[PDB]
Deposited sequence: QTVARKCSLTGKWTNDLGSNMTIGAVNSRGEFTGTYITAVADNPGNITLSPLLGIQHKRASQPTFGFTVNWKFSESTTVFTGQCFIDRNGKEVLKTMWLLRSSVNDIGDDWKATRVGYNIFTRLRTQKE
């Protein structure tokens, strides 16, 4: 259940992850298929840790949108023939005032398979 490689999800988005070093880490690019203003979508980075020990490991990473102010974070698990990432996310928008915070965070799921 190597997280390296090229994956796609059910909302059409695609990602690529670099090599995983043995202390958990990976780097990747994210191309989102869907967005708040898909007038402005580009390639966004992505930093994350993944257990290297259990064969169906938990994990988590961070996407940093280069086209807006928000952050999306993902956790989930890889299962086995074929590998499937079951994930969930929080998409945090930026609000101008802290008193506005309550409406900043959304949540959702996604399912990834290799390409």
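In this entry, the deposited residues absent from the coordinate set span 1-6, 87-89, 125-129.
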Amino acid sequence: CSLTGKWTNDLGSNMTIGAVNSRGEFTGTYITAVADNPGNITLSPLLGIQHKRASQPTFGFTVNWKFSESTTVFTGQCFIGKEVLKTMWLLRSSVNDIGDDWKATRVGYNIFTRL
From here on, numbers count along this sequence of modelled residues.
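According to the PDB record, 10-18 carries the higher mean C-alpha B-factor of the two stretches 10-18 and 103-111. Of the two stretches examined, 20-28 and 87-95, the record assigns the greater average C-alpha temperature factor to 20-28. Across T62, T42, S70, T58, the entry's maximum B-factor at the CA atom is seen for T42. Ranked against the other modelled residues of its chain, the C-alpha B-factor of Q50 as given in the entry falls in the middle third.
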